[PDB]
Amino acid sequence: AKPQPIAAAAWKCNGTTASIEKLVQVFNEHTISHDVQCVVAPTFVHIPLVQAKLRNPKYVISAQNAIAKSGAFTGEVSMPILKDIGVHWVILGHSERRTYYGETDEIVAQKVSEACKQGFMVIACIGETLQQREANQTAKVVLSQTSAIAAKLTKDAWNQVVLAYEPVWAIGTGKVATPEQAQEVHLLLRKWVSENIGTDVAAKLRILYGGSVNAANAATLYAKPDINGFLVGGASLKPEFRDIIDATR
């Protein structure tokens, strides 16, 4: 009854030609037998290298960011440029972009809507800070972030949308997030989607956990009913990512 699992490797801004070639070979020799959509998300300059080496049939390639339109945007990569090179997935609204580079709900929701219009599969990120979690605002924030995105989409566009919950309150703060605390936000989000968008949309929507995931807690995390996979960080740069994929069965 669960939708198709997703295991996304968020390499962030890391990697060398030797690093990636060695890691991609590990990914390719890993035989995966269950239905699961795997995702590598390298830096822009490494997309051609990954395109040349990544062969495992379970995988697609995603950009870590994009802008909606080509033009006078020095330093940025546009979605049409990404379609032309053969990339159909993109991560939008990551906490690091909302924090360091000032991406707002209006910017993130506009990127998701324009990516859905241009045929992208989107992993849209939401999450709340510790200060927000201290104020009993987890729902207030993650639903305000999810409503802003939904306000620019129609029903059919939700088949391209994937949500990734970032427990930002458990990132670099010295605080930890339990598999029960993750399942709580994951069901909180699905019920909002069930109520506001549709019941069939909620049951099929993939909600990924974007917190600390390793080979030890992946299966127990995926054991929860409203967790549909992971947005893996540190462990994704390791052969450990194979075990994380194994745990989505």
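Residue indices: 1-based, along the sequence shown.
Which wins on mean Cα temperature factor, 203 to 211 or 60 to 68?
It is 203 to 211 that shows the higher mean C-alpha B-factor.
On mean C-alpha B-factor from the PDB entry, just flag whether 191 to 199 or 44 to 52 is the higher one.
Taking the mean C-alpha B-factor of 191 to 199 and of 44 to 52, the larger value falls to 191 to 199.
Peak C-alpha temperature factor (PDB record), options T173, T74, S95, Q160
Highest C-alpha B-factor among the listed residues goes to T173.
What third of its chain, lowest, middle or highest, does the C-alpha temperature factor of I6 fall into?
Middle third - that is where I6 ends up once the chain's C-alpha B-factors are sorted.
Rank-wise, by C-alpha B-factor, drop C38 into the lowest, middle or highest third of its chain.
For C38, the deposited C-alpha B-factor lands in the lowest third.
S144 CA temperature factor, ranked by third within the chain:
For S144, the deposited C-alpha B-factor lands in the highest third.
Which third of the chain holds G86 when residues are ordered by C-alpha B factor: lowest, middle or highest?
Ranked within chain, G86 CA B lands in the highest tercile.
Would you check the entry's CA temperature factor for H186 and let me know if it's in the chain's lowest, middle or highest third?
Middle third.
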